[PDB]
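Encoded as structure tokens, the following chain is the form deposited in one PDB entry, with no partner shown.
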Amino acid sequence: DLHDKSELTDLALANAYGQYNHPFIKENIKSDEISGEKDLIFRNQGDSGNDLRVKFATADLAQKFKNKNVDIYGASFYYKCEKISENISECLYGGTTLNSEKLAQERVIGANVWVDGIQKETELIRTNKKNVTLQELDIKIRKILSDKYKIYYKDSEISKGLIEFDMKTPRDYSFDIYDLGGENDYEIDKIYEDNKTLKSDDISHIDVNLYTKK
């Protein structure tokens, strides 16, 4: 069931590596401009003053954040990002939460890691948001995985990977780290388009299982 790293093109690997190592993080910005019916526009708010277009799965979502002070944390990209002006538009799916919703205290989540069934050091990620997007937690975990296990380097020994985010109830979410939508970010990141958010204090822990080349 777990997809193999060898299934991905070089473009897909370079793109994955790029976004999990350089996420777009912006705090307290507001947009009173919808594009299409489900994209919010933050002119000149992206990298290099490029414009920023945050895409949502529904107009329901875009409206919810329209004219709200929001925090952004997601995987950004340019290719296929619909321009709003004659200037370069930078894109990102979901990764949006209200800036007013901060925890009374920093939530640290433990991430157990296994490589071929052998327990490695438990890793840590944290957030100060009451409702954190799954995208944010995922990027934070993949960053550590990229740093320590070189998950997105073509010639590293890791070839299969599963990340499990467990709640305090029997609810869990998971990502096969190599089952990418396609090779371009506009495809790959639709994985975050629903802006799925989790109640930070209800998260139990993360379980990561990687398997070496075979």
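Throughout, we count residues from 1 along the sequence that is shown.
When the mean C-alpha temperature factors of 76 to 84 and 90 to 98 are read from the deposited coordinates, 76 to 84 comes out higher. Per the PDB record, of the two stretches 30 to 38 and 164 to 172, 30 to 38 carries the greater mean B-factor over its C-alpha atoms. In this PDB entry, the Cα temperature factor of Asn44 sits in the top third of its chain's modelled residues, the highest group.
Placement of the Cα temperature factor of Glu157 within the chain: middle third of the modelled residues, per the deposited record. Split the chain's modelled residues into thirds by C-alpha temperature factor. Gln63 is in the highest one.
Placement of the Cα temperature factor of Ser146 within the chain: lowest third of the modelled residues, per the deposited record. Among the modelled residues of its chain, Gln105 has a C-alpha B-factor that falls in the highest third according to the deposited record.
FYI, the form deposited with a partner chain bound isn't displayed, but the following is about it.
Listed residues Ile84, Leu98, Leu124, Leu103 were compared with its partner chain in the deposited complex; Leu124 is the one with a heavy atom within 4.5 Å. Its partner chain is not drawn, but in the deposited complex it has a heavy atom within 4.5 Å of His205. Within this chain, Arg107 lines the site of its partner chain in the deposited complex, having a heavy atom no more than 4.5 Å away. In the deposited complex, its partner chain sits within 4.5 Å of a heavy atom belonging to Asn112.
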